[PDB]
Number of protein chains: 2
Amino acid sequence: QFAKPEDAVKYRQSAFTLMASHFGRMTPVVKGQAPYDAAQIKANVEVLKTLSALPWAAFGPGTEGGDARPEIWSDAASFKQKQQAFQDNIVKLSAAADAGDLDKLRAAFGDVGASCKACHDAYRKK
Amino acid sequence: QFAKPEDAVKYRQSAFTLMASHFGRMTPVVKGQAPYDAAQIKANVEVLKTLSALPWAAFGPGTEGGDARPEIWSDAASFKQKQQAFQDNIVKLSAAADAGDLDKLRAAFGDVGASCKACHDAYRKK
Ligand code: HEC
Ligand code: HEC
Ligand SMILES: O=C1O[C@H]([C@@H](O)CO)C(O)=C1O
Ligand SMILES: O=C1O[C@H]([C@@H](O)CO)C(O)=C1O
């Protein structure tokens, strides 16, 4: 769907921007600094769920650029492993949110964040 | 969810960026220049559906900036009318896509795009 590689870069950066907001905004809730409203969180994780599937199609071949490391393309199976694993951690967070269980939510939140960071560590330029 | 107004600006701009991609990428399909796969389009409009609900919460009070005109806030009921109407046109597009009917999809697509443009004309800076 991208006329030029730059358009794929712009897309994925915007998807990540939204993912950061929908993930990060739950930090005060899982810390207890903000109240836990199970329906609120269930709805927010559903948004996060949708957003978190979007970036991957915007790293198609020829779309090198931004802060994406070239290793995303030379090591495609491993990058795919990392995004699928991340999305499996998002499934786990969805299950916690759907269950309305703050303990499971905090554990699953931490797993998701670790997966974000592990991918950056390997595949996002400094 | 925004630490500073700038973060709300960044959010809404990213949401619009994704909406533009998920809307605009259907242009070749509704023109007949690309094949019509009903399941493909149903799925894409579901994404568009989710994205199109996101910007509005990122124009809260104090979040003036970007290419948002100040009229969004001094005329809140009218801006709310415009976003709700836009989202109702998105409902109409979802119904067309769910029905698998390319004629209804093209008509509904055109209504959505007109609603995007009408809001810009009134509320987005040059
Ligand atoms: C690989 C499997 C990743 C996972 C999982 C997550 N992210 Fe990431 N992110 C990745 C890359 C390769 C890039 C650079 C994209 C580019 O072309 O520049 C990014 C970037 C970001 C950004 C910055 C976006 C911007 O405005 O430029 C943010 C804020 C970000 N990523 C956040 C984020 C979060 C919160 C994640 C888990 C919930 C997450 N990412 C996962 C690669 C990968
Ligand atoms: C008001 C009810 C709007 C509707 C409906 C749509 N948009 Fe819009 N858009 C609006 C504003 C006020 C702004 C400026 C936001 C800012 O703070 O700068 C925008 C901006 C955009 C952009 C540019 C985003 C960027 O990267 O800076 C795009 C690409 C865009 N809008 C697209 C778009 C589409 C495709 C819409 C319908 C499917 C649509 N918008 C509706 C206000 C409103
Ligand atoms: O909110 C965020 O979480 C991840 C990472 O910091 C998790 O440790 C990331 O990159 C964000 O923007
Ligand atoms: O794809 C888009 O459609 C609207 C408008 O052009 C519809 O006429 C818009 O602002 C986009 O980026």
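Residues numbered from 1 in each chain as written, not as in the entry; some residues may be left out. Chains lettered and ligands numbered in written order. Heavy atoms only, no water. Residues with missing side-chain atoms left out of burial classes, pairs and counts.

Caption draft 1: Up close: the relation of the copies chain A and chain B. Superposing chain A onto chain B takes a rotation of 180° plus a shift of 0.0 Å along the axis, which leaves an RMSD of 0.0 Å. What the superposition gives is, in effect, a two-fold axis relating one chain to the other. For chain A, the minimum C-alpha distance to the rotation axis belongs to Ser14(A) and amounts to 2.3 Å. Both copies share a contact surface, since 100% of the interface residues of chain A are interface residues in chain B too. (Least-squares fit on C-alpha atoms. Contact = heavy atoms within 4.5 Å.)

Caption draft 2: Here's a closer look at the site of ligand 1. Residues and elements named next belong to chain A. Surveying the vicinity of ligand 1 reveals 23 residues, the closest of which are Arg12, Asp67, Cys116, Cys119 and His120. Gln13 places a side-chain nitrogen or oxygen 2.9 Å from an oxygen atom of ligand 1. Within the side chain of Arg124, one N or O atom sits 3.5 Å away from a nitrogen atom of ligand 1. The set of elements that each furnish at least two residues to the shell around ligand 1 consists of α1 (5-24), α5 (76-99) and α6 (102-123). The element best represented in the shell around ligand 1 is α1, accounting for 6 residues. Taken together, the residues that form the shell around ligand 1 break down as 12 nonpolar, 7 polar and 4 charged. (Near = heavy atom within 4 Å. Polar contact = N/O pair within 3.5 Å; in protein donor to acceptor, adjacent residues only side chain to side chain. Helix = DSSP H or I, 4+ residues; strand = E, 2+ residues; numbered from the N terminus. Nonpolar A, V, L, I, M, F, W, Y, C, P; charged D, E, K, R; others polar.)

Caption draft 3: Here's a closer look at the UniProt feature "binding site: heme c" in chain A. All names here are of chain A. UniProt records the feature "binding site: heme c" for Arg12, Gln13, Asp67, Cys116, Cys119 and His120 in the present numbering. One can find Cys116 in helix α6. A relative accessible area of 23% places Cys116 in the partly exposed class. Tracing the backbone shows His120 in helix α6. (UniProt positions renumbered as here; feature names shortened; annotations may be inferred. Buried < 20%, exposed > 50% of the residue type's maximum accessible area, 1.4 Å probe, protein only.)

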